[PDB]
Each structure stands twice: as structure tokens, then as C-alpha cells.
Amino acid sequence: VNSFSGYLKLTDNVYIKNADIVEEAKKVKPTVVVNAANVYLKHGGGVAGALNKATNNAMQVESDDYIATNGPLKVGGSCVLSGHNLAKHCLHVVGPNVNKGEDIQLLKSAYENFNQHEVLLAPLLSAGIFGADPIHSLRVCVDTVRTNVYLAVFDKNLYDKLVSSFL
Ligand SMILES: NCCc1c[nH]cn1
């Protein structure tokens with residue numbers, strides 16, 4: 001049993017809810033929250049900008065030190081950093097950004113990072129400002145992640161479309 005409430009069950013391991021991931025993280029304090037990161041961990045907008053704002057910029061300060069030491073992530077890659085006030089840990093995962101021309105096949109590689117964690121609160125990778133089809137992102141998630149993932153979808157209209165169209 002876990003603390004997540006109000007989710008619709010899509011599969012054995014994937015759950016979904018219309019929720020603001022920031023507000024959900026603050027309520028649940030999950031072991032892992034996933035950030036929709038870019039390779040520079042520049043948390044300007046979308047999910048990343050919202051998570052970072054909720055940490056009062058402490059996520060960005062920590063991320064800048066990570067990049068100064070390690071250099072940029074790979075598209076499809078990830079790193080584990082602090083969850084600050086939102087979670088124990090933040091898994092920063094880089095899905096491909098269609099608005100930069102990145103290979104959508106890298107979305108499966110991105111989701112494979114989730115398998116290193118038994119339970120996660122996450123957004124749909126490569127959705128929102130990264131420009132990919134969220135229906136596709138949900139299908140890749142279900143067909144890739146084997147650990148227990150609780151997906152937060154900010155937009156109610158999109159949530160209802162994801163559920164209604166789910167095979
Ligand atoms: N408060 C809205 C956070 C968010 C979710 N998705 C994109 N941004």
C-alpha cells in the first residue's frame with residue numbers, strides 16, 4: 001500500500017490522475033519525483049520551471065553545481081538529485097524535445113530510467129513544452145516502465161483524452 005490517492009489504474013503498474021505535479025509532490029512527499037529536464041538542467045519552464053519555483057530555486061542551484069562538475073546529460077538520460085521540499089529524490093530525466101528536432105525513439109530510453117526506482121511520481125515525458133504527442137508518450141510509458149508509476153497530468157482536457165483513448 002502507498003499514499004497516492006485518486007488515481008485511475010491503467011495497467012498492473014501504471015496509474016494516472018489530473019493533478020498539478022507540484023501540488024501532488026507537496027502532498028505525498030514521494031520517494032522519487034521525476035522532472036522533465038533538459039540536458040543543461042536549466043529549469044526555465046514547463047514542469048521543470050514549476051518544480052524549481054516550488055523549491056525557491058534550490059533545485060537550480062544544486063543543478064548548476066551538478067553540471068559544472070559532470071557536464072550535460074544525454075538526451076534519454078537521467079541523474080538523481082535532491083527532491084528538496086517536494087520528495088526525497090528528484091530523478092531528472094531528459095526526454096527528446098521535438099521543438100529541437102530530437103529522435104522520438106529516444107523517448108523509450110528516457111522512460112527506461114524509471115525502471116531503476118520501485119515507485120515514482122512523474123509527468124508524461126516529452127509532453128508539454130517538449131512538443132511530442134502525449135498519447136504516444138503514455139503508450140511508451142506503459143510499454144517500457146515496469147516499476148510503479150503515478151502519472152500527473154496538469155491539463156484536465158488532456159487527461160480526459162488520454163483516458164478515453166487508452167488501449
Ligand atoms: N502548476 C503547473 C505545473 C505544470 C504541469 N505541467 C506543466 N506545468
Side-chain angles (χ1 to χ4, degrees), residues 2-8 10 14-26 28-64 73 75-100 102 104 106-107 110-111 113-114 117 119-142 144-145 148-166:
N2 67 50
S3 161
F4 287 107
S5 172
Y7 289 70
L8 176 70
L10 294 175
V14 178
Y15 294 80
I16 195 167
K17 185 185 178 176
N18 177 217
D20 180 348
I21 195 172
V22 171
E23 287 313 310
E24 190 75 0
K26 281 199 287 194
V28 174
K29 292 290 240 84
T31 306
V32 181
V33 64
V34 173
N35 181 33
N38 59 52
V39 294
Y40 306 110
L41 302 178
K42 287 172 54 88
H43 307 306
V47 165
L51 291 171
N52 174 59
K53 178 178 177 187
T55 76
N56 180 44
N57 211 52
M59 177 180 284
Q60 190 65 66
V61 169
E62 178 194 32
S63 292
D64 290 346
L73 299 178
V75 179
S78 69
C79 67
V80 180
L81 290 173
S82 180
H84 299 279
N85 56 317
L86 302 181
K88 185 175 198 282
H89 305 287
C90 180
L91 181 70
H92 293 272
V93 180
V94 185
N97 189 327
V98 177
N99 306 316
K100 302 180 175 172
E102 297 167 350
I104 194 61
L106 287 170
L107 185 53
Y111 274 115
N113 296 286
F114 289 26
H117 303 277
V119 183
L120 315 87
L121 171 62
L124 285 167
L125 298 180
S126 297
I129 68 183
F130 282 65
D133 176 1
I135 294 171
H136 176 66
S137 182
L138 178 56
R139 183 29 64 190
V140 178
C141 180
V142 160
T144 307
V145 180
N148 293 324
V149 57
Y150 288 85
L151 294 168
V153 177
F154 183 52
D155 188 63
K156 174 56 167 152
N157 182 297
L158 174 61
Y159 171 85
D160 286 347
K161 181 173 142 131
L162 286 167
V163 168
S164 290
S165 61
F166 183 71

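In listed order, ligands and their atoms are each counted from 1. Side chains are part of it too, since the values below use all heavy atoms of this structure and drop only hydrogens, waters and symmetry mates. Just so you know, residue 1 is the first one in the sequence shown, and it goes up from there.
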Would you mind running through ligand 1 and noting each atom that sits below 4.0 Å from a heavy atom of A50?
3 (C)
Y111 and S137: side chain donor to acceptor below 3.5 Å
yes
Test item, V22 contacting ligand 1 (heavy atom, 4.0 angstrom):
no
Within-shell test, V47 vs ligand 1, heavy atom, strictly < 4.0 Å
yes
Measure the distance from atom 4 (C) of ligand 1 to every protein heavy atom, then report the residue, atom name and distance (to 0.1 Å) of the closest one.
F154 CG, 4.1 Å
Cut-off 3.5 Å, side chains only: do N57 and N52 have a donor facing an acceptor?
yes
Ring-plane angle category for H92 and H43, please: parallel below 30°, perpendicular beyond 60°, tilted otherwise.
parallel
Does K53, at its NZ atom, have more than 12 non-hydrogen atoms belonging to other residues, nucleotides or ligands within less than 6.0 Å?
no
Any luck finding a side-chain donor-acceptor pair between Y150 and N2 under 3.5 Å?
yes
Residue, atom name and distance, where the atom is the protein heavy atom closest to atom 3 (C) of ligand 1
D20 OD1, 3.5 Å
